[PDB]
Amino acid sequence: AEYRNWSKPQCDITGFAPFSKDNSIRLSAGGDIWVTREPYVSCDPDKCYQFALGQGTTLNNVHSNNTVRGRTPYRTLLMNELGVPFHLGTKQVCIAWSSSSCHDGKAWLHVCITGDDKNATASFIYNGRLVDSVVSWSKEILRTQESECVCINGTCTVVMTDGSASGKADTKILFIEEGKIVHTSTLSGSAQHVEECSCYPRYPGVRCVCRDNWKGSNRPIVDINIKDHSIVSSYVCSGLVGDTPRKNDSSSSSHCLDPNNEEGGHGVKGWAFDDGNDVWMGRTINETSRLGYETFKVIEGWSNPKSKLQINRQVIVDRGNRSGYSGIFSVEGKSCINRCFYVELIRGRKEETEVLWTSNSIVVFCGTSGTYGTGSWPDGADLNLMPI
């Protein structure tokens, strides 16, 4: 086994094709399925695995009540092969209400945060063993990506924030080798608030596209230079913006360095990446809430804060169906690195009062250099008919 260098060009992309659906909730009206949230996908060199933070309970289960809650000691990171839904034989790989995993070509790294809000613990687990742990530095909800980390030449990076959800917070980038935190750069550049980054390998370094929970409804970018541990940061220029909430298509605007100050509060995890001076991005369809899910290309949207020219729209989930978190992952082809993404399909509380639980299912698309059509692929469960 050799370490992944990811030293290949990005695959040509014309949009994304259908790849996976798990049907989790539909399956839990007549099965034993875990209650989850903040799912994501990552792949070893052969195949892809789906992750989630469980709630330490199944759905048809009295312990399902009040699983809207985001941190409990009973939360663990679930790991299955992609498209094997989270059944009772599912492996909980570490204790965590916040997590990030990646495979460096030789083994899996997992980053797992659990414990008190003010004194949380991050564990670093590699080749099935604990190798390290750092402590919460600002004492306010140590948290990480909720999607895959990236590993170049055996050096894996992960972005972590401790701090205010609504003011300056303390963001750091760790560099992990065979499970050991070898360096710790602190955030730099113009990004003013950073959360749940969707990172991808852009040789010779790593690029991430994040959530700004404070004053931006445009999206932070982070460059990460893997050799000298340096960081620069900014915002996704595209005048069509990827956070939720945000203003409508006619009003909005963006900046290449600063938060647009537009409904900037709150947000949703999301993803975008670059194709020359253009930008591929996904986002919710509804501008203020977590309904529907679209991707597209904005022409010159990577390098022009004034561009609002989308081509290649694809509806993933239609505006009548709930979406949620979403992130990126990278798959290595014979000739190129492909970009793929997942979409958390949230059901239940607080938005849906037909039940007492909160959970998700998931849908995964992958870039293609070929052709595709339309469709829609929601969660498809009926809550009025669900275990009451």
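In this text, residue numbers run from 1 along the sequence as written.
Chemist: Look up the CA B-factors in the entry and say which stretch, 43-51 or 315-323, has the higher mean.
Modeler: Higher mean C-alpha B-factor: 315-323.
Chemist: On mean Cα temperature factor in this entry, is 276-284 or 123-131 the higher one?
Modeler: The recorded data point to 276-284.
Chemist: By the CA temperature factor listed in this entry, which of these ranks top: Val343, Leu356, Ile328, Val331?
Modeler: Checking the PDB record, the top C-alpha B-factor among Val343, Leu356, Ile328, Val331 is at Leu356.
Chemist: Identify, among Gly270, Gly83, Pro201, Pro305, the residue whose C-alpha carries the highest B-factor in the deposited PDB entry.
Modeler: If I rank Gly270, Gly83, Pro201, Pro305 by C-alpha B-factor, first place goes to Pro305.
Chemist: For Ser185, return the chain-relative third of its C-alpha B-factor as stated in the PDB record: lowest, middle or highest.
Modeler: It belongs to the middle third of the chain when residues are ordered by C-alpha B-factor.
Chemist: Sorting the chain's modelled residues by C-alpha B-factor, tell me whether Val363 ends up in the lowest, middle or highest third.
Modeler: Within its chain, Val363 is a lowest-third residue by C-alpha B-factor, going by the deposited values.
Chemist: Considering only modelled residues of the same chain, in which third does the CA B-factor of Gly15 rank: lowest, middle or highest?
Modeler: Tercile = middle for this residue's CA B-factor.
Chemist: Is the Cα B-factor recorded for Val93 in the lowest, middle or highest third of its chain?
Modeler: It belongs to the lowest third of the chain when residues are ordered by C-alpha B-factor.
Chemist: Taking only the Cα B-factors deposited for this chain, tell me whether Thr171 sits in the lowest, middle or highest third.
Modeler: Within its chain, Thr171 is a middle-third residue by C-alpha B-factor, going by the deposited values.
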